[PDB]
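The form solved without its partner chain is given below as one chain in structure tokens.
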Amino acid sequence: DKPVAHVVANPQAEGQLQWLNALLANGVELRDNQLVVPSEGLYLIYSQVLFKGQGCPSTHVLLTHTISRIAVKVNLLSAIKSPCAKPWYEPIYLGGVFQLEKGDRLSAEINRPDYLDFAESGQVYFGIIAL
């Protein structure tokens, strides 16, 4: 009966990382692309995004992935990669334990959805589990 969620990216979304319900249980909601915490407590929060490109363009490519908390906006977990015509592939994966409050909204965002590996949307995920 512990609040839990595991949401996955929509492969059909254009220019965005749209989360889809995968599961939501025991009060967790997915609203406006954010996971909504039903009760105060410790939660493991995790995510993985996958990027891919064909070669390197004229502008420097920096890929970011950040999990933030908005209490009723602060970065909890974040990382950046610089991958740069040969194909390249890079994952960014994050996780940690945090004390959350009722009604907190969690977001898992990237700066370059144009580089998402949409074909592997099943493994572009974001989830929480109450501990």
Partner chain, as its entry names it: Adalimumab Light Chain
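Basically, rigid core = biggest C-alpha set you can superpose within 1.5 Å across the two forms. Numbering follows the first chain given and starts at 1. Shifts are known only where both forms have a C-alpha.
Not pictured, yet referred to below: the form deposited with its partner chain bound.
Counting a residue when any of its non-hydrogen atoms is within 4.5 Å of its partner chain in the deposited complex, the hits in 88-121 run 114, 115, 117, 118, 119.
Annotation: Cα of residue 117 displaced by less than 2 Å between this form and the one not shown, core superposition. Regions that shift between this form and the one not shown, defined as runs of three or more consecutive residues whose CA atoms all move by 2 angstroms or more after core superposition, reduce to a single one, 120-123.
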